[PDB]
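In: Coordinates only, no sequence provided:
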């Protein structure tokens, strides 16, 4: 079982290296924990396809054997926040796979199996704490607005609903209160979305 583990970790590290290099090529840089873009123009089809092959490979391996993906995300702390921040720069066609990676890391595998109808619990809790530590208020607000209200597709909205629910369930009291206050501040803008 170890041999599969080393293969999975090596392949995932290579894929994340490739993704980071691809984003570097177009002026999008992750310096310490913030992703910054120099150009306000959208990406091109070839860049999206080269992103999507790597992301599809990562999503497949994470959906098959979630434990190794969670262990990777634990070892490298600049992965989940990087994916969350990069999901804002890419078009609506690549959002589902990024949300799937986030959900497999955070929501869990058995919850996804149940929706399709004990170590992973501590892994999910640790990953949720790491995400809460890295992410600030503006990024969470932007994630909620972009994937719960502004998205035209309903599958993406359901994915965001599940991800937010499982992020809330695994946090502490103070972060739960912060998230509830963020959503109650977002609420007055409801008529803009119907």
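Out: Yep, that arrived. Numbering: from 1, shown residues only.

In: Which strands or helices does the host helix or strand of residue 98 pack on?
Out: Element membership for residue 98, per DSSP states H and E: helix 95-106. Counting contacts by 3 or more Cβ pairs under 8 Å, 6 or more residues apart in numbering; DSSP states H and E, helix 95-106 is packed against helix 45-64, helix 66-75, helix 80-86, helix 119-134, helix 154-169. In short, each C-beta sits where N, CA and C put it, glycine included.

In: Next, the angle helix 66-75 makes with the first one.
Out: Following axes from the mean of the first three to the mean of the last three Cα atoms, to 10 degrees, one obtains 120 degrees for the angle between helix 45-64 and helix 66-75.

In: how far does helix 45-64 sit from the chain's center?
Out: On the basis of Cα atoms, centre = their mean, to the nearest Å, helix 45-64 is displaced by 13 Å from the centre of the chain it belongs to.

In: Would you mind pulling the contact partners of that helix?
Out: 8, 11-12, 15-16, 18-19, 22-23, 25-26, 43, 68-69, 90-91, 93-94, 97-98, 100-101, 104-105 (Cβ atoms under 8 Å, 6 or more residues apart in numbering).

In: before we move on, back to that, quick one: closest of the helices and strands packed on helix 95-106 to residue 145.
Out: helix 154-169 (10.3 Å; Cβ to Cβ).

In: what's downstream of that closest one, the next helix or strand?
Out: helix 173-186.

In: Can you name every helix or strand that that following helix contacts?
Out: Under the contact rule (3+ Cβ pairs under 8 Å, 6+ apart), helix 173-186 is packed against helix 137-144, helix 154-169.
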